[PDB]
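One structure below.
Every residue, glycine among them, receives a Cβ derived from its backbone with ideal geometry; neighbour counts consider all protein chains shown. Readers should treat all values here as calculations from the given coordinates under stated rules, not as data from a laboratory.
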Amino acid sequence: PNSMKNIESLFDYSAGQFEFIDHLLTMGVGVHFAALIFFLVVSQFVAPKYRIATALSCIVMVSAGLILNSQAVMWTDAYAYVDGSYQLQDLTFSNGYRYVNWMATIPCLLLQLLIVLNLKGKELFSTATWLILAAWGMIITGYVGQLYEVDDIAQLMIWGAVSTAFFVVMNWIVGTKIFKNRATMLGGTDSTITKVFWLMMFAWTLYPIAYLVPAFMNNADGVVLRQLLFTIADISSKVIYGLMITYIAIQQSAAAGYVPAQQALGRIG
Ligand SMILES: */C=C/C(C)=C/C=C/C(C)=C/C=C1/C(C)=CCCC1(C)C
Ligand SMILES: CCCCCCCC/C=C\CCCCCCCC(=O)O
Ligand SMILES: [Cl-]
Ligand SMILES: [Cl-]
Ligand SMILES: [Cl-]
């Protein structure tokens, strides 16, 4: 469906290119589901006030892990080694599935940030609402632009400019809440949370770069570079981010007198 609308469908792949992409996606699966088990076992050391932030990391791990797994199977479904190269056999592969999955996972990432920022009640609800509307705005327009990466690069860029507006506004909300709520942060995660902001600015900006590959490297090695960028960005924005969020959750839990958190941190001291 969308498979002919993505540049991956344009090329044959060397075994090297093809298998590297397969292994990137597969490694990504392993990393997300390994991290899942960690988030799972560690959630008992998080106080009830924050426990949802760690649960959201579990959910994101399986959601992203399942899309990466799906992408890897679809990749190997779409191509067969015929006459010295991997050649397209059918329309099973598309990056579009990622975009659709972001509809779920980006709101999860954002909500876990709001929780460890100690937002609650009306502010939590309204902040979350505006954030995920801005995120949905960004994702949807990006998803549309992405359908044009083969036959209309101008349209890719204009949808991307629109998507970037949403992105920039979302980042402004994120950053503003982070920097205005630093003072509430316990133990003293007020320092840690600013690192989380920069990680997000870094990791999330890789996705617009991946998005633009069809405009500056429209060949089989650009296909590889795009999956590499997605891979770097996924483990940064999801796994490393998640670990920091959970660190902040446990640390604030301990500072607030949750004994299992104290015992946990103590037994790694
Ligand atoms: C784990 C997923 C996650 C953090 C995804 C991030 C998506 C993101 C920030 C994409 C943003 C853009 C953009 C700014 C312009 C081009 C389109 C798109 C959707 C790649
Ligand atoms: C922060 C997450 C890091 C993600 C790790 C990615 C693992 C691979 C790292 C770089 C290897 C580069 C070697 C690629 C050789 C290209 C083979 C080919 O395309 O022909
Ligand atoms: Cl609590
Ligand atoms: Cl995802
Ligand atoms: Cl300090």
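Please pick out the residue among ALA254, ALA215 that is surrounded by fewer than 18 Cβ atoms within 10 Å (Cβ to Cβ), in a helix (DSSP H, G or I) and in contact (Cβ under 8 Å) with a residue 60 or more places away in the chain.
Numbers: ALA254 fails: surrounded by fewer than 18 Cβ atoms within 10 Å (Cβ to Cβ).
Just a single option satisfies the conditions, and that option is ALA215.
With out of contact with any strand residue (DSSP E or B) (no Cβ under 7 Å at 6 or more places or on another chain), at negative phi, among the β-branched types (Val, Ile, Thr) and surrounded by 20 or more Cβ atoms within 10 Å (Cβ to Cβ) as the only criterion, which of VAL162, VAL174, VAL168 stands out?
Numbers: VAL162 fails: surrounded by 20 or more Cβ atoms within 10 Å (Cβ to Cβ); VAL168 fails: surrounded by 20 or more Cβ atoms within 10 Å (Cβ to Cβ).
Going through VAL162, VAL174, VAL168 in turn, just one is out of contact with any strand residue (DSSP E or B) (no Cβ under 7 Å at 6 or more places or on another chain), at negative phi, among the β-branched types (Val, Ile, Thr) and surrounded by 20 or more Cβ atoms within 10 Å (Cβ to Cβ): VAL174.
Exactly one condition in (1) farther than 16 Å from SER253 by Cβ; (2) within 16 Å of ligand 4 (Cβ to nearest atom); (3) among the aromatic types (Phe, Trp, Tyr) is not met by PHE39; state its number.
(1)
Mind counting the residues in region 6-28 that are within 16 Å of ligand 1 (Cβ to nearest atom) and outside any helix (DSSP H, G or I)?
Total meeting the criteria: 1.
Which is surrounded by 20 or more Cβ atoms within 10 Å (Cβ to Cβ) and either within 14 Å of ligand 1 (Cβ to nearest atom) or in contact (Cβ under 8 Å) with a residue 60 or more places away in the chain (or both), of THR246, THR205? Lay out the reasoning, then the answer.
Numbers: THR205 fails: surrounded by 20 or more Cβ atoms within 10 Å (Cβ to Cβ).
Result: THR246 is the single residue among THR246, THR205 that is surrounded by 20 or more Cβ atoms within 10 Å (Cβ to Cβ) and either within 14 Å of ligand 1 (Cβ to nearest atom) or in contact (Cβ under 8 Å) with a residue 60 or more places away in the chain (or both).
So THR141 ticks every box in (1) more than 12 Å from ligand 1 (Cβ to nearest atom); (2) over 13 Å from the mean Cα position of the chain (by Cα) but one. Which box is left unticked?
(1)
Checking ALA47 against (1) surrounded by 15 or more Cβ atoms within 10 Å (Cβ to Cβ); (2) assigned to a helix (DSSP H, G or I); (3) away from ligand 4 (no atom under 16 Å from the Cβ): exactly one of these is not met. Which one?
Status for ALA47: all satisfied but (2).
Given the options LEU56, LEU36, name the one that is part of a helix (DSSP H, G or I), away from ligand 2 (no atom under 16 Å from the Cβ) and closer than 19 Å to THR231 by Cβ.
Criteria check complete, one pass: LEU36.
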